[PDB]
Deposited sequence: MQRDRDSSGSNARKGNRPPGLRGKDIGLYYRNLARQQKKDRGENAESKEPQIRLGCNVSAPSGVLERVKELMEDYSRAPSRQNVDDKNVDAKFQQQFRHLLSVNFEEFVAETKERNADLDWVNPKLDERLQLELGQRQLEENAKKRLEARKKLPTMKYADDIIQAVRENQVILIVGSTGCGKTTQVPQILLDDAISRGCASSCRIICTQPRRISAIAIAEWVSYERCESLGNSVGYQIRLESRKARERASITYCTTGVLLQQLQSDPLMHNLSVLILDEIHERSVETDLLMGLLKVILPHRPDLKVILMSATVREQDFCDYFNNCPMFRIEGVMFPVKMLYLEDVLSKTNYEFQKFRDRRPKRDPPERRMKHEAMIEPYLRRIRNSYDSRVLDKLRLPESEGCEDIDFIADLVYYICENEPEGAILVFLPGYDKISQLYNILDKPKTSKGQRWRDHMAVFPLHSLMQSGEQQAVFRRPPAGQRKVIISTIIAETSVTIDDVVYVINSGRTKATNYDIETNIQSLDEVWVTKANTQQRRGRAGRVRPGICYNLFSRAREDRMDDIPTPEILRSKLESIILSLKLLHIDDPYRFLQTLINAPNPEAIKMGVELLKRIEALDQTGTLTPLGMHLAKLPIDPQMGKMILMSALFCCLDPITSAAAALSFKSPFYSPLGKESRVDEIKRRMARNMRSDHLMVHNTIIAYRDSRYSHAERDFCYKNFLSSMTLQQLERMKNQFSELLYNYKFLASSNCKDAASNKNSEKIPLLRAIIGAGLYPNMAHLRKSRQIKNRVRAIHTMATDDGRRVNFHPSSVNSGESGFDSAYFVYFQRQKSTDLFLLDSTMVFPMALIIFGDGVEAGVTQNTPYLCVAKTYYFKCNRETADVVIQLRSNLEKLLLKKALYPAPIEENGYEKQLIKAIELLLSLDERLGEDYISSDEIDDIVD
């Protein structure tokens, strides 16, 4: 055992802490206690009955509305706005099947519609089912929900389908996503939403009584939400005979879904696209004759393929495919030559180059921008080059989407972001390096890593169509055809890679009490070791009790749109009056940092972060400071200048602000706050006290802790509580810093790439860890009296302080248990406020003099 610094407190302070605890301990309407007890008392049978009663609205129809819409449809079909738009809609493949689709839905509860881009299924299939019900004079009985993986999809598809109907948004077509909606009318309507919205609405309506038609789209992409929803439909659909489901998929393991729902009807709908010629590494080295130079394994794969094709390609081509570095992005200069080649031959069109990461995007960018070769210098001023990465500004500006200046060919160097989330319409030529990066989590060693990997067959299939949007394109694949056959079908479904805390807890509100029983029924069942490890985390933060049942705290957390650890942090912040800074830190960890990282500006950006951090040694507080500065710039009408100087995304910042206000209102709705403004003065009386902030930030991120032993920019010896060596990720404001007031840090995310990195961190103090943590005991190890936390970090503490801190932790526990069962804001002068003021005092001892 190694002993750390002294946490003992002066007599005057311990005297006051004790006086305050005694005030608190002298204390003597909850609908929520009734709601919580009622959830736990019903079995599943009673749960299904009761929800049927509260969501009855769709048992009611409006014949005057049925008729009036039946009438306005037939009437407006003779006008000239429609009948051209009906006629151009009849050009889409999906419409050929309308009557066969209507019949399949009528005769079956679940059916599957399989089709690729341009078949129109997403825009057309809702309109078909809706205009049918209108025409038969049912319009008021028809309410259609169509889920989408991505926010942008949901809006744009909803604006489009609305235009096709000669209506503004908000009438028969609407969209709802997180914190934004243009809702359609209540009946006879189509609603596009993100898959997550539909899941949250299950809490109020777990059997989907408020919809007549559910349409899941892009289920082949295997997002966590659509996998969950399909599992949950196996539970729901037996109790909902009148409910109609349409599954929708690309042709990517489409049988998996047809299998999963009995053997249900499957429509295949032919695509609309310009053909994109597929070439491989043999075909590229055949055209450009590029020459390489500056395990095997690889020899075992390629040689058998070379034999079958030996008379279809030159012997020097086949000899190049034997080089390990011929495949992928290992040689950037090779890719550079391919871009130059397409500039020389081939018609005008944009090149989209798929490389795995930020590192490789910079390399090709520098080679294309500052060319060393003569051919590159020829082409340099004739290319308009956009790097495209989730961290770079180009995605959020207008340039990369528009066609380039005349005489310039647009070359986009992108990550997998250009596969779906971001689409550029003028791309005619796709260079697919075949390499992407992946996050893997090893459950055994508890290390998440970020590794370069080969893409899957589905990735390549998708990237090919990115060349076929405008005219016939070409897709250049920088791997052999032999590699393709070794590639997996689809990427590992997201749920097999994901932390299960949030899902497990969420199921409890749906009266799915056994996560092992339920999660096993998905298309791909998660490792039960991941389920257990999720249950254990929820038990650790006391969202589930020892027998695994929901606690009152856990029902609250289950009701916040954030992971349960950060939901708990936000609650603490209400009780401890730091609401504005803590919700900023919470919102940024859930979504993302506002900082761009443009090419070449890295150190300029490390400077801006360090500046905004205001020497507080916290990535999380640093973001809040940024949001404070952002707000002040709008009050100053300086906003746009402010975002340019500091390399900040205004789209991200406004989104953080929306998330924060959402957490404000929910907590105010739950009676933890007196005001739904996250800037409200009562809620923020502590928001200036930085040790209190670090304590609450730590309360959320515990138990992720690190200890720093070294010196030198500076060099760091640091290890997590598990013993493993780590460093601050170079993008964290703590990288290379020295002169920390404390040797302890908490972090949200640890990731292995070229080292074991803490992606984000806050400097914390031992007294805060002890109060809000667990594994606390007092003792004597050598001849020193100690106080520990997590049975890991042992601190010198005299006995008077240990006996107070431990009495303090008991009262804090008793308090939280009360506040969760009987929600009500902490009264400013009451008994509860005394215990808060006791903790404020003890934590304030670590203030910087």
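* To do: Where the model has no C-alpha, note the corresponding stretch of the deposited sequence, numbering from 1.
  => Those parts of the chain that were deposited but carry no coordinates are 1 to 51, 80 to 89, 356 to 368, 787 to 792, 930 to 944.
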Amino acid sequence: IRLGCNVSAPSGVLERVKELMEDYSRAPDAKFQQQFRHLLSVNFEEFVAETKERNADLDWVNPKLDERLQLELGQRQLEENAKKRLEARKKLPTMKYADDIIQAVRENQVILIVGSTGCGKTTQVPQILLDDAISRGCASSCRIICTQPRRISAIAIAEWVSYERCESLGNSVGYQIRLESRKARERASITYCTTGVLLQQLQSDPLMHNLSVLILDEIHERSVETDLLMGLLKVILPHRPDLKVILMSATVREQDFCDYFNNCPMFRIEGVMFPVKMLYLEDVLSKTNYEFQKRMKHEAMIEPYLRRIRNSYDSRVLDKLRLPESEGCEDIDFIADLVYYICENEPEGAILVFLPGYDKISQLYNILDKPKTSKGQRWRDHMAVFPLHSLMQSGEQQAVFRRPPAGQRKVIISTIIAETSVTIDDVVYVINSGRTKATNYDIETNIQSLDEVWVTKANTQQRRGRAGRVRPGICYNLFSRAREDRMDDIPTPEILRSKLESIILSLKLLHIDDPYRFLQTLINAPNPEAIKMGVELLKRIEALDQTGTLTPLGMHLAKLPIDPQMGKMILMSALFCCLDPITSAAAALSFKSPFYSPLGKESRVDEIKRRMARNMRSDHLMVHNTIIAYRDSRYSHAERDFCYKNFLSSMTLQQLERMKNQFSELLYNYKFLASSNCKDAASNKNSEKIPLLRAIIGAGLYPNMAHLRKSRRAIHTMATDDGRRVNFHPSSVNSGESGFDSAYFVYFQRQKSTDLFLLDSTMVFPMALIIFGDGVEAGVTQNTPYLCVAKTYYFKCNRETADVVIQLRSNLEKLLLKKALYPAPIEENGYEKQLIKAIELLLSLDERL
From here on, numbers count along this sequence of modelled residues.
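In this text, the rigid core denotes the largest set of C-alpha atoms whose superposition between the two forms falls within 1.5 Å.
* To do: On a core superposition, give the stretch, 314 to 322 or 365 to 373, with the larger average C-alpha separation from this form in 8 other deposited structures of this protein (RMS over structures and residues).
  => Higher root mean square deviation of C-alphas in 8 other deposited structures of this protein is shown by 314 to 322.
* Stretch departing more from the displayed form, 505 to 513 or 465 to 473, Cα RMS in 8 other deposited structures of this protein (core fit) -> Larger mean C-alpha displacement, comparing 505 to 513 and 465 to 473 in 8 other deposited structures of this protein, is found in 465 to 473.
* To do: Check the entry's C-alpha temperature factors for 582 to 590 and 735 to 743, then say which stretch has the higher mean.
  => Stretch with the higher mean C-alpha B-factor: 735 to 743.
* Do the C-alpha atoms of 410 to 418 or of 438 to 446 have the higher average B factor in the entry? -> For C-alpha atoms only, the mean B-factor is higher in 438 to 446.
* Could you say which of 88, 128, 237, 543 has its CA atom at the highest B factor, as listed in the PDB entry? => If I rank 88, 128, 237, 543 by C-alpha B-factor, first place goes to 88.
* Looking at 220, 372, 209, 463, which has the highest CA B-factor as recorded? -> Reading the PDB entry, the winner on C-alpha B-factor is 372.
* residue 395: which third of its chain by C-alpha temperature factor? -> According to the entry, residue 395 has a C-alpha B-factor in the chain's middle third.
* Asked: When the modelled residues of the chain are sorted by Cα temperature factor, does residue 650 land in the lowest, middle or highest third?
  -> Middle third, going by the recorded CA B-factors of the chain.
* To do: Sorting the chain's modelled residues by C-alpha B-factor, tell me whether residue 511 ends up in the lowest, middle or highest third.
  => Tercile = middle for this residue's CA B-factor.
* So where's residue 304 on the chain's Cα temperature factor ranking, which third? -> For residue 304, whose C-alpha B-factor we compare with every modelled residue in the chain, the answer is the highest third.
* Asked: Lowest, middle or highest third: where is residue 663 by Cα B-factor in its chain?
  -> It belongs to the lowest third of the chain when residues are ordered by C-alpha B-factor.
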